[PDB]
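Basis: the model, the stated rules and, where named, an outside source; no laboratory instrument gave them. Reconstructed Cβ throughout: ideal geometry from the backbone, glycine too, with neighbour counts over all protein chains shown.
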Amino acid sequence: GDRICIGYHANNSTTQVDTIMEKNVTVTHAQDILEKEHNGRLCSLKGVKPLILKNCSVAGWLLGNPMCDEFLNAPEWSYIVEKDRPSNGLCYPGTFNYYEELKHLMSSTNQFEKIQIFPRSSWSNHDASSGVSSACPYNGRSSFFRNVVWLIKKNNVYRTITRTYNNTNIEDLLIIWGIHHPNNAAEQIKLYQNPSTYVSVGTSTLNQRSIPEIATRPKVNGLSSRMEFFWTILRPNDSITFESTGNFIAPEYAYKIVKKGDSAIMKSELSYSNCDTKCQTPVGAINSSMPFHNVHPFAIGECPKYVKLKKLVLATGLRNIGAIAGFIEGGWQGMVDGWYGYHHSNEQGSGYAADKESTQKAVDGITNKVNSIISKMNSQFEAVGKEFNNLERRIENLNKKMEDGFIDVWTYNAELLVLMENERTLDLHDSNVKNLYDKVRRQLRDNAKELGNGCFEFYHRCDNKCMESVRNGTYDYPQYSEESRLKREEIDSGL
Amino acid sequence: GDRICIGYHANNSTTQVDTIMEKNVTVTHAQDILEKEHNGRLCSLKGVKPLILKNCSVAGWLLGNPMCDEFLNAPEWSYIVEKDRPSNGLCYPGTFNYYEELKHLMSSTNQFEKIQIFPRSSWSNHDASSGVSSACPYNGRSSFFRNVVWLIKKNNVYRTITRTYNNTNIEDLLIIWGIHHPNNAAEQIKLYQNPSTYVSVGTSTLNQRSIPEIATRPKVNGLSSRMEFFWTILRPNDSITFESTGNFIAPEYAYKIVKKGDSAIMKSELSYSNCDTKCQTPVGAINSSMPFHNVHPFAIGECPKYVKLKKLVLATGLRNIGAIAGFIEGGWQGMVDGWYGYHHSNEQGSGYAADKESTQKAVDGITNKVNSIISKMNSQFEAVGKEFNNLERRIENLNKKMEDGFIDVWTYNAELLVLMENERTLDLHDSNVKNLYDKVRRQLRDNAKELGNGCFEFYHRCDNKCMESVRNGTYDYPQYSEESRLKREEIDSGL
Amino acid sequence: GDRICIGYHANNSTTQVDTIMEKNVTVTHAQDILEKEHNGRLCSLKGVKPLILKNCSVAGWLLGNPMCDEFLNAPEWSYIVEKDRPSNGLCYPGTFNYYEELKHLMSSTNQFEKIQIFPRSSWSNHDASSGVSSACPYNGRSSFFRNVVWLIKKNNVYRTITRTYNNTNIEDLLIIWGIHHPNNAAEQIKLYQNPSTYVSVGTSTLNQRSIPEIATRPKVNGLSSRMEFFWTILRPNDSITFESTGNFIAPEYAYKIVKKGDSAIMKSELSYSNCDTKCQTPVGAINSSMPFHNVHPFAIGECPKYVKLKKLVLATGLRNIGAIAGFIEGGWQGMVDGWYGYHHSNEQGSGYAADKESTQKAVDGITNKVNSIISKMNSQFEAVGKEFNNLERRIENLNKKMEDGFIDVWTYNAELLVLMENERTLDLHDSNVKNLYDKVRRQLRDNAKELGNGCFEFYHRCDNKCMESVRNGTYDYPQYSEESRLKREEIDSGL
């Protein structure tokens, strides 16, 4: 009898970590840091709803394709949701110049107020009612974009238009107009009389004469004529003036840009649910508590940072071992309120006391290391949505390589960070047990025999209140030096 | 007599590694991981040949510059090889609209099938034979692009063309046409009669009237007129219709895009050899066995990852030391089938036994660390070739900075990874010898004296079959405790 | 009496470092590596001055806006300085085609030589003197760009211009011309007679007919007409020919590109001072001695690498502790010419000798580790300035994300590098003290008692010239083995 042992925590845990060196390493304690679940709904972003375009495209909405619903309330949004291939775009076929630029402008803007600038009834000298087509049904009748006017010759006359709007607002105004490209020369004259026409737009920034390009094209949504649209931002206290002799698709309404800020155009097939999140992805929303996720790269909100991994587990405690007598043979499930500690084995004692001056010293710098790790990726790359047209493949690929590029880097970074100070979290625990041992050996010197198992046997009488002298770093050799002085010469001369 | 020593491997190796701390550190074993050789040929890519354009540019090929050879067989390719400045481009001078976009389309496509769409003999109302020029010799005669037709007024008449092709194929069709820009008004009328002409193209996606731009320009390849070309992808079950009153350079043949996939347009001056590779660079092919190379950034195939370094050597074993008696003084060339081990020195023995329960435990986690390192760069940036025209410098520089950017990052990553767990591979070996020592000391306790050289001398009789008791972690103190009990009191009372 | 202790340096230092584990860790020695000061001036770059555009924009300079001063001396520059919103741009309002491309060309070019190509007095058949406007005052009179000529009908005639310049120079020539867009058809005819006009330019590379676009626009700087400018680089031994029937704004002077190289267009509000630097940022210049700075991302010259941090401090020495008797209790302010060492305590001695064979061995591999760290970021991303127009937002954001992207990566890299081998610099010092201790224990074996405080007491007579035997690794056990042999049996049998 008369012993003392130095050992470490063990427990029911089966949590597993990885390092550079080893795969699958059972530990006492560890934190998962990778979110891999989503709710598969689309939700508001911290109280603020998305604009859900339904089966409509941004052009359908902005121009007022009769099939799309205007948002009369002038709502603010958190993001914009567009199906992958919407069905309500340019119902009248044609092009929409710098369309993807306009889409990118939407991503920095959060609220529109639709404003009349040219009332549909103020073109006394032209027909403002015949401009409808079988390509734009509203309740089955022929119709047309609601926010622009197909101007057409009145009484076989087309008096040359010159008309100005002064932006007397505080806000930028987004204005859209268009031009008509007919099938053939008979169709031009039947609509706008004057055989040779133009649409001229002027601001302080933009100067543009535009000309009808007559060709013979396939029937899209039923027609061969096309309609090409343009757009501009009119700054405050600037004016715009349109002049045309035919083919001019006039704006009636402009869009006040009333709130700029963080927004997004998310391609998703889902629809709205009564639900709120801090983080939305196109295939559902995230419980943004953990620092990394792998659900989707195009997540918006206050989000965890995206890494392409299947698991990412931080180690925080010991490995896990029976495990009898001392630290060399494993850890003690019998220690509970501490990570490293002791075992009495006394004239009176049993054992299992924890050294908390190095146990909370350990839970100190690892829970301080833990969030230090989370915060140094505070600045990690978040991807941003963008679109490109069939003649901008190179930049679309440039953009794609850049975003895959950074995700790969940051995925490597995140993994190598966990793998590495996982190996140093464990290498610390070992070093912490090994140093507990040396602080008791450096006090109990002559008066004890090193058992080689991580325990010591005492050449003296110990006493319970003297084995806190060793736990407290207080044990004085002299006060029982003279009792050990004699007993050991008895072993050298025992049996 | 009566000793035992603990030591490590040493060998004839002169291989050298680096760490954060030290340069040039001789080791027993190490793996080079950086490929720096190439064969200077161009080869097929795993059975599949490159399309070698010879002295021709992609436009020369596609349009059929009489100097370039068509590929009648409709072959599939692995990559496309274009000299840096080809000599057979637009032999008739002019421009080729969105040329670099078309080049980028080639990089995702692997096979064309040339298809007639408008046979050269089906333009009854126009001259299809006079359209040749002295800028396009074939065997010294005047000639012209073979895949397009220079249509010219027949009998001083130019009846207005309107002609349609319906893509009744499964595949995308690449179609090329062009327009003619003459020197002066006399030259327009002499060719196409009608003084004012146009070329109109329509699909469901594209609408384009095109107009002859007459100017007075320098003589390129001998002429002052120019010819401007356009192109489009016609989707399946879509049609295209061309309408023109003059200056129209008609397509005869279209290109079926019959195989899309991984391809590339490699600028290289070399020519084909009878040779095959897993990895091709513009200056030669790579023996793609090692994980990194530094031959060229624009390598394609299954390739090692590119880093801008001159050397990259992983450490896998001990440093390398004579080195007499114990581990404190160096390692033992006399140990051979193991990294760490022992030395007998017995009543009967000599020495040199290896501790394999920690020697393959070491070759375990380092050859497991080795390929763990290679695989975490599985996702490292591979560069992709792109071209830009003289008015897209900014993006070309954007693209260049991005690709240099990522290479710099991944070069830093690769180096810091080797340097760092090189220092921990060695720091492991030290720790492994130092722990072998402690497992024999923790068993042979009283019955041996620590010599300070990494050896122990026995206060008892050892026995060969008891010095595997120490190698096996089986040595019991008691079975010869009583013999050492006495001998040591004899030293304290010896001479 | 009769002792010896092993300990480490301590000092007056209060310098603090960080690691992954701990914040704020006092040390003996450390190097700051982050520059955070600037002088707030703009200076020459290693003898070579900037071109300071003052209240002028690159277009104002190049075209010769009467308000901007030509640089008659043909100076070379190091960078170009442009205010954020200059006030002297196109004084005559209009556009400048591919303006941002031209700005990007300036960044690779270092010297212009202005060259006459078409003297203002060589247009016999047109008025070369009436082309001035109230939008371009020089000393209050009406004036105009000095490097281009507003050509106007002479005597109600406008003879069709055709005029050629052959670039007979070694250098690329930058040439600028323009076209005039009038208010209305009355204004066209009053200036250039011929109602329908064009401006045609031809080189071997460029073919361009250009047409006046008459519209009704707001009054910018007082006018509603606009003027649109173009530009091209004419290669050596190529020619350019302009042909026009009206509205043609002719070049008089071209710019020889006489020196290409490293340059930049820095947006800054400051002005020149008599001052020189190796590194300039828009808000001032940097003392480019340290390896990192955080002053500004758009710094040019030989510069430290930019990281977004507030501090970055390398550890190079010990932590800092009284600290009495041995290494377990702290370090000794009394050791001065060394990091680790000893303390005599002798029949004659006092103490405090330094072990320099492991002290310069330590200052060796850390000052070798220090600059190894600085050099592995030799290849770190340096940002490059670029501009984009209101219809290139997507790429501007692409460009912005790329440059923020790399800065974030390299900022993470730099921090994780310091934090990590700070922890291994300190973990080395500990290991170095702990190994000093073992080399004296492995020699003084039986003849000394381990005190547990990092000191040993001698069972023998020591001698000053024998306690360099322990510092030199020379101490032989035998020469005083027999004196200790006896004394220790006296302790076991003392009182």
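Quick look at the numbers
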{"item": "Residue tally, condition assigned to a helix (DSSP H, G or I) and of a type in the set (D, E), over segment B:429-463", "result": "2"}
{"item": "Residue in segment A:172-194 that is farthest from B:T162 (Cα to Cα), counting only those that are away from every other protein chain (no Cβ under 11 Å) and assigned to a strand (DSSP E or B)", "result": "A:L173"}
{"item": "Every residue from segment B:384-409 that is part of a loop (DSSP other than H, G, I, E, B), in contact with a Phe, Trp or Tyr (Cβ under 8 Å, 6 or more places away or on another chain) and polar (S, T, N, Q)", "result": "B:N389"}
{"item": "Given (1) in a loop (DSSP other than H, G, I, E, B); (2) surrounded by fewer than 18 Cβ atoms within 10 Å (Cβ to Cβ), number of the condition C:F381 does not satisfy", "result": "(2)"}
{"item": "Total residues in segment A:471-495, condition more than 10 Å from chain C (Cβ to nearest Cβ) and touching a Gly at 6+ places or on another chain (Cβ under 9 Å)", "result": "1"}
{"item": "Qualifying residue in segment B:42-62 (condition: within 14 Å of chain C (Cβ to nearest Cβ) and of a type in the set (K, R))", "result": "no"}
{"item": "Out of B:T109, B:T160, sole residue that is in contact with a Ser or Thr (Cβ under 7 Å, 6 or more places away or on another chain), within 14 Å of chain A (Cβ to nearest Cβ) and within 22 Å of B:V201 (Cα to Cα)", "result": "B:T160"}
{"item": "Number of the condition not met by B:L234 [criteria: (1) within 12 Å of chain C (Cβ to nearest Cβ); (2) buried (at least 23 other Cβ atoms within 10 Å of the Cβ); (3) of a type in the set (A, V, I, L, M); (4) more than 28 Å from B:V157 (Cα to Cα)]", "result": "(1)"}
{"item": "Selection status of C:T197, outside any strand (DSSP E or B) and closer than 18 Å to B:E213 by Cα", "result": "yes"}
{"item": "Single residue of segment B:373-395 satisfying the filter (at the interface with chain C (Cβ under 10 Å from one of its Cβ atoms) and not polar (S, T, N, Q)) that is nearest to A:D408 (Cα to Cα)", "result": "B:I395"}
{"item": "Filtered residues of segment C:129-149 (kept if of a type in the set (A, V, I, L, M, F, W, C) and touching a strand residue (DSSP E or B) at 6+ places or on another chain (Cβ under 6 Å))", "result": "C:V132, C:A135, C:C136, C:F144, C:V148, C:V149"}
{"item": "Selection status of C:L63, outside the structural domain of C:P291 (by CATH) and of a type outside the set (K, R)", "result": "yes"}
{"item": "Segment B:342-368, residues that are under 24 Å from B:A315 (Cβ atoms), touching a strand residue (DSSP E or B) at 6+ places or on another chain (Cβ under 7 Å) and not in a strand (DSSP E or B)", "result": "B:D355, B:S358, B:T359"}
{"item": "Residue within segment C:329-342 that is within 18 Å of C:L428 (Cβ to Cβ) and either in contact with a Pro (Cβ under 9 Å, 6 or more places away or on another chain) or hydroxyl-bearing (S, T, Y) (or both) present", "result": "yes"}
{"item": "B:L444, sole failed condition from (1) farther than 29 Å from A:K449 by Cβ; (2) surrounded by 20 or more Cβ atoms within 10 Å (Cβ to Cβ); (3) hydrophobic (A, V, I, L, M, F, W, C)", "result": "(1)"}
{"item": "Subset of segment A:67-87 (residues that are within 30 Å of A:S225 (Cα to Cα) and surrounded by fewer than 19 Cβ atoms within 10 Å (Cβ to Cβ))", "result": "A:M67, A:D69, A:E70, A:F71, A:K83, A:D84, A:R85, A:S87"}
{"item": "Looking only at segment B:277-298, and only at residues there that are surrounded by fewer than 19 Cβ atoms within 10 Å (Cβ to Cβ) and among the hydroxyl-bearing types (S, T, Y), the one that is farthest from B:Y79 (Cα to Cα)", "result": "B:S289"}
{"item": "Any hit, segment C:267-276, residues being crowded, with 18+ Cβ neighbours inside 10 Å and not in a loop (DSSP other than H, G, I, E, B)", "result": "no"}
{"item": "Subset of segment C:11-24 that is away from chain A (no Cβ under 12 Å) and buried (at least 17 other Cβ atoms within 10 Å of the Cβ) - its residue that is farthest from the chain's Cα centre (by Cα)", "result": "C:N11"}
{"item": "Residues of segment A:447-480 classified as acidic (D, E) and surrounded by 16 or more Cβ atoms within 10 Å (Cβ to Cβ), total", "result": "1"}
{"item": "Long-range neighbours under 6 Å by Cβ, at least six apart or interchain, first residue in the same structural domain as C:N65 (by CATH) within segment C:221-247, second among the aromatic types (F, W, Y) and assigned to a loop (DSSP other than H, G, I, E, B)", "result": "C:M227/C:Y92; C:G246/C:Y158"}
{"item": "Residue list for segment B:464-495, filter: part of a helix (DSSP H, G or I), among the hydroxyl-bearing types (S, T, Y) and farther than 19 Å from B:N435 by Cα", "result": "B:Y480, B:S481, B:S484"}
{"item": "Residue check for A:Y8: under 30 Å from A:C455 (Cα atoms), of a type in the set (F, W, Y) and buried (at least 16 other Cβ atoms within 10 Å of the Cβ)", "result": "yes"}
{"item": "Qualifying positions in segment C:378-403 - among the aliphatic types (A, V, I, L, M) and in contact with an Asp or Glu (Cβ under 9 Å, 6 or more places away or on another chain)", "result": "C:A383, C:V384, C:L391"}
{"item": "Yes/no for C:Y412 being outside any helix (DSSP H, G or I), in the same structural domain as C:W332 (by CATH) and hydroxyl-bearing (S, T, Y)", "result": "no"}
{"item": "Residue count for segment A:214-231, restricted to those that are within 11 Å of chain B (Cβ to nearest Cβ) and either closer than 22 Å to C:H181 by Cα or polar (S, T, N, Q) (or both)", "result": "4"}
{"item": "Candidates B:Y437, B:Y412, filtered to the one that is among the hydroxyl-bearing types (S, T, Y) and more than 10 Å from every other protein chain (Cβ to nearest Cβ)", "result": "B:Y437"}
{"item": "Of all residues making up segment C:210-249, the number that are of a type outside the set (S, T, Y), over 30 Å from C:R85 (Cβ atoms) and either out of contact with any helix residue (DSSP H, G or I) (no Cβ under 7 Å at 6 or more places or on another chain) or in a strand (DSSP E or B) (or both)", "result": "10"}
{"item": "Selection count where residues are under 43 Å from the mean Cα position of the chain (by Cα), surrounded by fewer than 21 Cβ atoms within 10 Å (Cβ to Cβ) and under 21 Å from B:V149 (Cβ atoms), scope segment B:177-217", "result": "3"}
{"item": "Output for segment B:371-397, where each listed residue is under 21 Å from the mean Cα position of the chain (by Cα) and among the aliphatic types (A, V, I, L, M)", "result": "B:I373, B:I374, B:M377, B:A383, B:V384"}
